[PDB]
């Protein structure tokens, strides 16, 4: 449970689905949320209010973002020699759109919302990620 997860999603309903999924199914991975692209880059660069953010080990990225787009966030990520290494899953709004997105992006795409099932599929699609059951005090 070392790696923190950064969810860049503007929909409060959809953020709620992921929060409750992590909660009800006992995911220990710290879930962090940015509601627009400008806040997402503030988190990654660890600037401003996020001056003490942890580096995420997984970024989950919607494309519909106010203030700064999903595309801008991804483009600024892959420019940075450090942020480029971080795994990115792009949220699509429809499995049909998901077929289109993989054709031209393939595993780094899942349809939203990210409930626990979809999050389990994310973990499956990403080679270096694994589930473990940990006992705790």
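Positions refer to the first chain, counted from 1.
Coordinates are lacking for 1 to 3 deposited residues between residue 105 and residue 106.
Higher mean CA temperature factor, per the PDB entry, when comparing 65 to 73 with 22 to 30: 65 to 73. When the C-alpha B-factors of 32 to 40 and 79 to 87 are averaged, 79 to 87 comes out higher.
Taking the PDB entry at face value, the top CA B factor among 133, 6, 136, 3 belongs to 136. In the deposited entry, the Cα temperature factor of residue 92 sits in the bottom third of values across the chain's modelled residues. The deposited CA B-factor of residue 57 belongs to the lowest third of values across its chain.
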